[PDB]
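Structure file final_34.txt (compact mmCIF, C-alpha atoms (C1' of nucleotides) and all ligand atoms) follows.
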# COMPACT_ATOMS: atom_id res chain seq x y z
CA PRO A 1 8.38 19.76 -25.44
CA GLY A 2 5.49 17.41 -26.07
CA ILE A 3 4.74 13.87 -24.92
CA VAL A 4 5.26 12.67 -28.56
CA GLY A 5 3.54 9.45 -29.71
CA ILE A 6 3.57 6.50 -32.08
CA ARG A 7 3.64 6.41 -35.89
CA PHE A 8 2.52 3.49 -38.05
CA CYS A 9 3.70 2.29 -41.45
CA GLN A 10 1.30 2.67 -44.36
CA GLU A 11 1.80 -0.78 -45.91
CA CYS A 12 2.03 -3.53 -43.29
CA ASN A 13 0.69 -1.13 -40.61
CA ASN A 14 3.50 -1.89 -38.19
CA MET A 15 5.33 0.32 -35.74
CA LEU A 16 7.78 2.62 -37.44
CA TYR A 17 11.09 2.99 -35.68
CA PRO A 18 13.29 6.09 -35.55
CA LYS A 19 16.67 5.82 -37.24
CA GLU A 20 19.40 8.18 -38.39
CA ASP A 21 20.26 9.03 -41.97
CA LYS A 22 24.04 9.12 -41.96
CA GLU A 23 24.40 10.87 -45.32
CA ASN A 24 21.96 13.76 -44.87
CA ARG A 25 21.83 13.79 -41.04
CA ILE A 26 18.02 13.62 -41.08
CA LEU A 27 15.93 11.60 -38.66
CA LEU A 28 13.95 8.85 -40.37
CA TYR A 29 11.28 6.35 -39.42
CA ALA A 30 11.45 2.88 -40.94
CA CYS A 31 9.33 -0.20 -40.54
CA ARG A 32 11.55 -3.19 -39.96
CA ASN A 33 9.40 -5.57 -42.02
CA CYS A 34 9.57 -3.54 -45.28
CA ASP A 35 11.66 -0.81 -46.91
CA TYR A 36 9.14 1.94 -46.16
CA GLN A 37 10.77 5.11 -44.84
CA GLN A 38 9.42 8.51 -43.86
CA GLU A 39 11.06 11.73 -42.77
CA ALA A 40 10.69 12.82 -39.15
CA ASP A 41 8.79 16.09 -38.85
CA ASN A 42 8.78 16.29 -35.04
CA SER A 43 12.56 15.71 -34.48
CA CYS A 44 11.92 14.57 -30.87
CA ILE A 45 11.88 10.87 -30.13
CA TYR A 46 11.71 9.67 -26.52
CA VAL A 47 10.33 12.05 -23.89
CA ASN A 48 9.76 11.14 -20.26
CA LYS A 49 8.13 13.31 -17.60
CA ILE A 50 9.57 12.37 -14.22
CA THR A 51 8.24 15.36 -12.29
CA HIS A 52 5.02 14.47 -14.12
CA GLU A 53 3.02 17.53 -13.28
CA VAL A 54 -0.20 16.27 -14.78
CA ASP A 55 -3.19 18.19 -16.08
CA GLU A 56 -6.29 16.46 -14.76
CA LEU A 57 -8.61 18.71 -16.78
CA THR A 58 -7.70 16.48 -19.72
CA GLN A 59 -8.73 13.24 -18.02
CA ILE A 60 -11.96 14.49 -16.46
CA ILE A 61 -15.10 13.41 -18.28
CA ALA A 62 -17.99 15.81 -18.68
CA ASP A 63 -20.48 13.01 -17.98
CA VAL A 64 -19.41 13.11 -14.31
CA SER A 65 -22.04 15.82 -13.83
CA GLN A 66 -24.79 13.17 -13.67
CA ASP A 67 -23.58 11.34 -10.56
CA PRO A 68 -25.86 11.77 -7.52
CA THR A 69 -23.04 10.88 -5.16
CA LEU A 70 -20.90 13.88 -5.84
CA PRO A 71 -21.39 17.16 -3.96
CA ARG A 72 -22.31 20.40 -5.63
CA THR A 73 -22.25 24.07 -4.76
CA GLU A 74 -23.98 27.10 -6.18
CA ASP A 75 -21.11 29.19 -4.81
CA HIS A 76 -18.96 28.83 -7.93
CA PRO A 77 -20.79 29.78 -11.13
CA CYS A 78 -19.83 28.36 -14.49
CA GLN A 79 -17.12 30.32 -16.26
CA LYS A 80 -18.57 29.86 -19.75
CA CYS A 81 -22.36 30.03 -19.57
CA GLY A 82 -22.66 31.37 -16.03
CA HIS A 83 -24.51 28.40 -14.56
CA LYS A 84 -24.69 28.23 -10.78
CA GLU A 85 -24.51 24.47 -10.21
CA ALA A 86 -21.03 22.96 -10.20
CA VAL A 87 -20.26 19.41 -9.10
CA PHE A 88 -16.79 19.28 -7.61
CA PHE A 89 -14.52 16.37 -6.72
CA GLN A 90 -10.88 15.64 -5.95
CA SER A 91 -8.21 13.96 -8.07
CA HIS A 92 -9.69 10.45 -7.84
CA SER A 93 -6.28 9.42 -9.16
CA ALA A 94 -3.67 7.15 -7.66
CA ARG A 95 -0.11 8.48 -7.87
CA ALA A 96 -1.42 12.05 -7.84
CA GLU A 97 1.52 13.17 -5.66
CA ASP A 98 -0.23 15.37 -3.05
CA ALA A 99 -3.37 17.07 -4.34
CA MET A 100 -6.54 17.87 -2.46
CA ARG A 101 -7.39 20.42 -5.17
CA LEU A 102 -11.02 20.34 -6.20
CA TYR A 103 -11.89 20.09 -9.88
CA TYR A 104 -15.17 21.58 -10.98
CA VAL A 105 -17.57 20.25 -13.60
CA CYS A 106 -20.49 22.38 -14.74
CA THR A 107 -23.95 20.87 -14.45
CA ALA A 108 -26.87 21.67 -16.80
CA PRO A 109 -27.04 19.71 -20.06
CA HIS A 110 -24.17 19.71 -22.56
CA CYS A 111 -22.10 22.53 -21.02
CA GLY A 112 -19.56 20.18 -19.45
CA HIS A 113 -17.05 22.95 -18.77
CA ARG A 114 -14.31 21.86 -16.40
CA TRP A 115 -12.23 24.29 -14.36
CA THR A 116 -10.02 24.31 -11.29
CA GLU A 117 -9.71 26.82 -8.47
CA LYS B 1 8.64 8.01 12.28
CA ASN B 2 6.71 4.74 12.36
CA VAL B 3 8.72 1.96 14.01
CA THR B 4 7.66 -1.55 14.89
CA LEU B 5 7.06 -2.40 18.54
CA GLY B 6 5.31 -5.04 20.55
CA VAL B 7 5.38 -8.67 19.51
CA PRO B 8 6.33 -8.12 15.83
CA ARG B 9 9.47 -6.36 17.05
CA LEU B 10 10.14 -9.15 19.53
CA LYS B 11 10.42 -11.81 16.82
CA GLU B 12 13.09 -9.66 15.18
CA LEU B 13 15.40 -9.38 18.18
CA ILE B 14 14.87 -13.03 19.08
CA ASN B 15 15.26 -14.52 15.60
CA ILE B 16 18.01 -12.00 14.76
CA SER B 17 16.52 -11.64 11.30
CA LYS B 18 18.78 -10.10 8.69
CA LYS B 19 16.14 -7.72 7.36
CA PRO B 20 13.91 -6.00 9.94
CA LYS B 21 10.71 -4.35 8.79
CA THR B 22 11.85 -0.98 10.14
CA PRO B 23 15.62 -0.57 10.34
CA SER B 24 16.57 2.78 11.78
CA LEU B 25 19.74 4.63 12.73
CA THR B 26 19.87 7.54 15.15
CA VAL B 27 22.64 10.04 14.51
CA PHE B 28 24.01 12.67 16.88
CA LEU B 29 25.91 15.78 15.83
CA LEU B 30 29.14 17.04 17.40
CA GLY B 31 29.92 20.68 16.78
CA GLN B 32 27.88 23.76 16.00
CA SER B 33 25.98 21.56 13.53
CA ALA B 34 24.17 20.24 16.60
CA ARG B 35 22.70 23.55 17.74
CA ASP B 36 22.01 25.26 14.39
CA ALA B 37 19.20 23.84 12.28
CA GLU B 38 20.85 25.24 9.16
CA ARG B 39 24.22 23.66 9.88
CA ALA B 40 22.34 20.45 10.65
CA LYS B 41 20.28 20.40 7.45
CA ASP B 42 23.62 20.55 5.64
CA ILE B 43 24.77 17.25 7.14
CA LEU B 44 21.21 16.01 6.64
CA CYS B 45 21.75 16.35 2.90
CA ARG B 46 25.02 14.41 3.10
CA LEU B 47 23.48 11.35 4.75
CA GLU B 48 20.45 10.93 2.48
CA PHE C 1 -22.12 9.95 2.55
CA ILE C 2 -21.08 12.02 -0.45
CA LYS C 3 -17.90 11.19 -2.34
CA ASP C 4 -14.78 12.87 -0.96
CA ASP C 5 -16.18 13.80 2.45
CA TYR C 6 -13.26 14.10 4.86
CA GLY C 7 -15.38 15.71 7.56
CA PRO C 8 -15.39 14.32 11.06
CA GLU C 9 -18.70 12.47 10.71
CA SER C 10 -17.92 10.72 7.43
CA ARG C 11 -14.55 9.36 8.50
CA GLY C 12 -15.70 7.78 11.76
CA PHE C 13 -15.72 10.30 14.59
CA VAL C 14 -18.56 9.36 16.91
CA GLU C 15 -19.88 12.43 18.74
CA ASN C 16 -22.45 10.52 20.81
CA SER C 17 -21.88 8.87 24.18
CA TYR C 18 -22.97 5.35 25.02
CA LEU C 19 -25.69 6.85 27.18
CA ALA C 20 -27.35 9.02 24.56
CA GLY C 21 -26.75 6.14 22.14
CA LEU C 22 -24.91 5.90 18.87
CA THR C 23 -26.57 6.90 15.61
CA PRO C 24 -26.84 4.24 12.87
CA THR C 25 -23.57 4.84 11.11
CA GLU C 26 -21.60 5.60 14.25
CA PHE C 27 -22.84 2.20 15.35
CA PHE C 28 -21.27 0.59 12.29
CA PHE C 29 -17.96 2.42 12.52
CA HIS C 30 -17.86 1.66 16.23
CA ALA C 31 -18.27 -1.95 15.17
CA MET C 32 -15.37 -1.61 12.73
CA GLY C 33 -13.09 -0.29 15.44
CA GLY C 34 -14.05 -3.09 17.80
CA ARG C 35 -13.43 -5.86 15.28
CA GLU C 36 -9.80 -4.76 15.26
CA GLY C 37 -9.73 -5.48 18.98
CA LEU C 38 -11.20 -8.96 18.68
CA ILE C 39 -8.85 -9.91 15.87
CA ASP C 40 -5.66 -8.82 17.66
CA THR C 41 -6.64 -10.81 20.74
CA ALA C 42 -7.14 -13.91 18.60
CA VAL C 43 -3.91 -13.49 16.63
CA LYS C 44 -1.41 -12.31 19.22
CA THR C 45 -1.94 -15.16 21.68
CA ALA C 46 -0.70 -17.78 19.22
CA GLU C 47 2.43 -15.77 18.47
CA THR C 48 3.17 -14.94 22.10
CA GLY C 49 2.87 -18.62 22.91
CA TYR C 50 5.23 -19.79 20.19
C1' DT D 1 45.25 -14.70 -24.47
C1' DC D 2 43.06 -18.58 -22.56
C1' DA D 3 41.79 -21.58 -18.92
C1' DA D 4 40.91 -22.67 -14.28
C1' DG D 5 39.56 -21.60 -9.77
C1' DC D 6 37.15 -19.08 -6.39
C1' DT D 7 33.54 -16.05 -4.78
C1' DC D 8 29.12 -14.01 -4.89
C1' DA D 9 24.36 -13.82 -5.96
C1' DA D 10 20.11 -15.85 -7.09
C1' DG D 11 16.84 -19.47 -7.03
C1' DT D 12 14.76 -23.36 -5.07
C1' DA D 13 13.49 -26.38 -1.35
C1' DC D 14 12.41 -27.64 3.42
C1' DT D 15 10.45 -26.73 8.38
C1' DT D 16 7.63 -24.63 11.62
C1' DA D 17 3.00 -21.97 12.84
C1' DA D 18 -1.11 -21.78 21.66
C1' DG D 19 -2.40 -23.96 26.08
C1' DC D 20 -5.85 -27.21 28.14
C1' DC D 21 -11.00 -29.13 27.86
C1' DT D 22 -16.19 -30.63 26.28
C1' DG D 23 -19.51 -32.41 22.84
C1' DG D 24 -21.14 -34.76 17.93
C1' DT D 25 -21.14 -37.64 13.26
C1' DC D 26 -18.93 -40.98 10.37
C1' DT D 27 -15.62 -44.45 8.58
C1' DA D 28 -14.49 -46.83 0.81
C1' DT D 29 -15.55 -48.15 -3.66
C1' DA D 30 -14.51 -50.67 -7.66
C1' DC D 31 -13.15 -54.56 -9.92
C1' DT D 32 -12.51 -59.42 -10.34
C1' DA D 33 -13.56 -64.11 -9.37
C1' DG D 34 -16.49 -67.73 -7.93
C1' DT D 35 -20.86 -69.82 -7.18
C1' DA D 36 -25.65 -70.61 -8.05
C1' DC D 37 -29.72 -70.62 -10.85
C1' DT D 38 -32.08 -70.66 -15.12
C1' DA E 1 -23.41 -74.02 -20.45
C1' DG E 2 -24.07 -69.15 -19.89
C1' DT E 3 -25.29 -65.16 -17.42
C1' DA E 4 -26.08 -62.58 -13.31
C1' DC E 5 -25.38 -61.48 -8.61
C1' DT E 6 -22.82 -61.41 -4.47
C1' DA E 7 -18.70 -61.37 -1.81
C1' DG E 8 -13.99 -60.51 -1.10
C1' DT E 9 -9.81 -58.26 -2.14
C1' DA E 10 -6.85 -54.50 -3.56
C1' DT E 11 -5.63 -49.67 -3.88
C1' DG E 12 -5.82 -15.76 -3.72
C1' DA E 13 -4.87 -14.01 1.18
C1' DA E 14 3.44 -18.33 4.68
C1' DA E 15 7.44 -16.53 5.58
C1' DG E 16 12.40 -17.02 6.14
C1' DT E 17 16.78 -19.27 6.05
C1' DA E 18 20.17 -22.21 4.23
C1' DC E 19 22.39 -24.63 0.65
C1' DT E 20 23.64 -25.48 -4.11
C1' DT E 21 24.52 -24.12 -8.68
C1' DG E 22 25.87 -20.98 -12.18
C1' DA E 23 28.16 -17.05 -13.85
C1' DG E 24 31.65 -13.73 -13.80
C1' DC E 25 36.13 -11.96 -12.72
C1' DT E 26 40.97 -12.30 -11.75
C1' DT E 27 45.31 -14.54 -11.84
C1' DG E 28 48.67 -17.63 -13.67
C1' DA E 29 50.78 -20.08 -17.23
ZN ZN F 1 5.98 -1.26 -42.96
ZN ZN F 2 -21.76 26.00 -17.79
Just dump the structure as C-alpha cells.
Amino acid sequence: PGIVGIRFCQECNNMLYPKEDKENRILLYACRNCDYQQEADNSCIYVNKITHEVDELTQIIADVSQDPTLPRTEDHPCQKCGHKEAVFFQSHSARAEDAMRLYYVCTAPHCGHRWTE
Amino acid sequence: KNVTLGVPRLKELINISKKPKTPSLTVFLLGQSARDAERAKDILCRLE
Amino acid sequence: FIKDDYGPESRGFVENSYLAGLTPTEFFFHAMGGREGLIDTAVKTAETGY
DNA sequence: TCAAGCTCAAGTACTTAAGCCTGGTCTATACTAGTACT
DNA sequence: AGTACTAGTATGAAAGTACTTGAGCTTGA
C-alpha cells in the first residue's frame, strides 16, 4: 500500500493538496495560494496503519555498534561479511506493542549490517 | 486484576466519590455457559 | 550493568543474606526498597488521621 | 418555520490537607518633613 | 537662606465537587 508522503508546489513551495478533477476524473494536487496543479501519479492519498506492525530495521542506526554499554555475542556471525561480533539490543522504542525481540548490529568498521532473529 | 485497597480505597467508600480509581463489576453465569469455558468466552465477547 | 539486562542480578534480586553481607549494588537496591517503606509511613499517617 | 424554554455538559472557582512536644533566630524600609548648622 | 541629616510616619510535582452559564434540541404557536 505505502505510507505515502507530502508533495510541495514548485513556485511558492507550499503544501500541495489533493483534489478531484470532475471533468476527467483524475486526481490532482493544487497549491491553494496559486493556480499550480499537478497530476497525481500515486493515486493513494491518506493511509493510516492502525495495526502498525513496524519494521525497526529501518530506524536502527549503524553507529550503535560503538556503544560500550551494549552486550555482544560471537555466537551470531554477520550475515554479509561473516564477522563474529554482533552487538544486540531490544526495541528501545515506546509503543512497541510487545516485543522482546533482539535486533543485531554487526561490529567491525563500516559493515553496519542489521538483522533480526 | 489490580484493584485498590487499603487507605486509598477507604477514602472512596467514605467520600462516595463518583469516579473510583478502579471500578469493577463481577459477573456470574447461569446456565451451561458457567461450566464451559467456550460457552463463557462467548458471553465474554458480548460484555466487552 | 549492560543495557537490556533483565537477569535477576540487574533488576534487584539480592542473593546475599544480611550475615554474609550485601554486595555494593545489592546494598543500593536494598536501599531503594527501604525508602519505599519510610515514605509510606510518613504519608499514610496524615491521611489516616484526617 | 421561528422563538422560547428547559436540560445537559463543560468550565471555573472555592475549601480542605496528623496528633502532641522541645529548641533557636529575627522582626521594615522608604519617603517626606522639620530642624539645625554652615 | 540653603542644604544636609535625622526622625517619624505610612504602606513542575492538589484534587474534587458544586454551581453557573451557554448551547442545543424540542415543542408550541
Ligand atoms: Zn504553489
Ligand atoms: Zn558484517
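Near ligand ZN 1 (chain F), at distances of 12 Å or less and with only C-alpha atoms (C1' of nucleotides) and all ligand atoms counted, sit the residues residues 7, 8, 9, 10, 11, 12, 13, 14, 15, 16, 17, 29, 30, 31, 32, 33, 34, 35, 36, 37 and 38 of chain A.
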Write out, as a PDB file, in the frame of the given file, the residues just selected, with C-alpha atoms.
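Once written, out.pdb looks like this:
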ATOM      1  CA  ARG A   7       3.640   6.410 -35.890  1.00  0.00           C
ATOM      2  CA  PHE A   8       2.520   3.490 -38.050  1.00  0.00           C
ATOM      3  CA  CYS A   9       3.700   2.290 -41.450  1.00  0.00           C
ATOM      4  CA  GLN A  10       1.300   2.670 -44.360  1.00  0.00           C
ATOM      5  CA  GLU A  11       1.800  -0.780 -45.910  1.00  0.00           C
ATOM      6  CA  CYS A  12       2.030  -3.530 -43.290  1.00  0.00           C
ATOM      7  CA  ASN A  13       0.690  -1.130 -40.610  1.00  0.00           C
ATOM      8  CA  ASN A  14       3.500  -1.890 -38.190  1.00  0.00           C
ATOM      9  CA  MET A  15       5.330   0.320 -35.740  1.00  0.00           C
ATOM     10  CA  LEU A  16       7.780   2.620 -37.440  1.00  0.00           C
ATOM     11  CA  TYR A  17      11.090   2.990 -35.680  1.00  0.00           C
ATOM     12  CA  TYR A  29      11.280   6.350 -39.420  1.00  0.00           C
ATOM     13  CA  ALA A  30      11.450   2.880 -40.940  1.00  0.00           C
ATOM     14  CA  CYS A  31       9.330  -0.200 -40.540  1.00  0.00           C
ATOM     15  CA  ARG A  32      11.550  -3.190 -39.960  1.00  0.00           C
ATOM     16  CA  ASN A  33       9.400  -5.570 -42.020  1.00  0.00           C
ATOM     17  CA  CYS A  34       9.570  -3.540 -45.280  1.00  0.00           C
ATOM     18  CA  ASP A  35      11.660  -0.810 -46.910  1.00  0.00           C
ATOM     19  CA  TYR A  36       9.140   1.940 -46.160  1.00  0.00           C
ATOM     20  CA  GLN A  37      10.770   5.110 -44.840  1.00  0.00           C
ATOM     21  CA  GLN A  38       9.420   8.510 -43.860  1.00  0.00           C
TER      22      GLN A  38
END
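Restricting the atom set to only C-alpha atoms (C1' of nucleotides) and all ligand atoms, one finds that the residues within 10 Å of ligand ZN 2 (chain F) amount to residues 77, 78, 79, 80, 81, 82, 83, 84, 85, 86, 105, 106, 107, 108, 109, 110, 111, 112, 113 and 114 of chain A.
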Dump as a Markdown table the rows for residues of chain C within 7 Å of chain A: closest atom pair and distance in Å with one decimal, only C-alpha atoms counted, ordered by chain and rising residue number.
| residue | atom | partner | partner_atom | distance |
| --- | --- | --- | --- | --- |
| C:2 | CA | A:69 | CA | 5.2 |
| C:3 | CA | A:70 | CA | 5.3 |
| C:4 | CA | A:89 | CA | 6.7 |
(request) Go ahead and compute the interatomic distance for CA of residue 50 in chain C and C1' of residue 14 in chain D, in Å to one decimal. (result)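 One can read the CA of residue 50 in chain C to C1' of residue 14 in chain D distance as 19.9 Å.
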(request) Quick one: everything within 10 Å of range 16-21 of chain E, counting all atoms listed in the file, minus sequence neighbours fewer than 5 positions away in the same chain. Send it as a list in words. (result) residues 17 and 18 of chain B; 10, 11, 12, 13 and 14 of chain D
(request) Determine, counting only C-alpha atoms (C1' of nucleotides), which protein, DNA and RNA residues have an atom within 12 Å of an atom of residue 15 in chain E; residues of the same chain fewer than 3 positions away are not included. Present the result as a list in words. (result)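 Within the cut-off, the hits are residues 17 of chain B; 15, 16 and 17 of chain D.
Residue neighbourhood of range 10-13 of chain C, excluding near-sequence residues (fewer than 2 positions): residues 1, 5, 6, 7, 8, 15, 26, 29 and 30 of chain C, at 8 Å, using only C-alpha atoms (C1' of nucleotides).
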(request) For chain E, work out the contacting residues on chain B at 12 Å, counting all atoms listed in the file, and write them as a PyMOL selection string. (result) chain B and resi 12+15-20
(request) May I have the residues of chain B within 12 Å of chain C, counting all atoms listed in the file, written as a PyMOL selection string? (result) chain B and resi 6-11+14
(request) Would you mind reading off the distance between CA of residue 53 in chain A and CA of residue 75 in chain A, one decimal, in Å? (result) 28.1 Å
(request) May I ask which of the residues A:23, A:74, A:41, A:97 is the closest one to residue 54 in chain A, counting all atoms listed in the file? (result) A:97
(message) Just to confirm, what's the straight-line distance from CA of residue 40 in chain C to CA of residue 22 in chain C in Å (one decimal)?
(response)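 We find that CA of residue 40 in chain C and CA of residue 22 in chain C lie 24.3 Å from each other.
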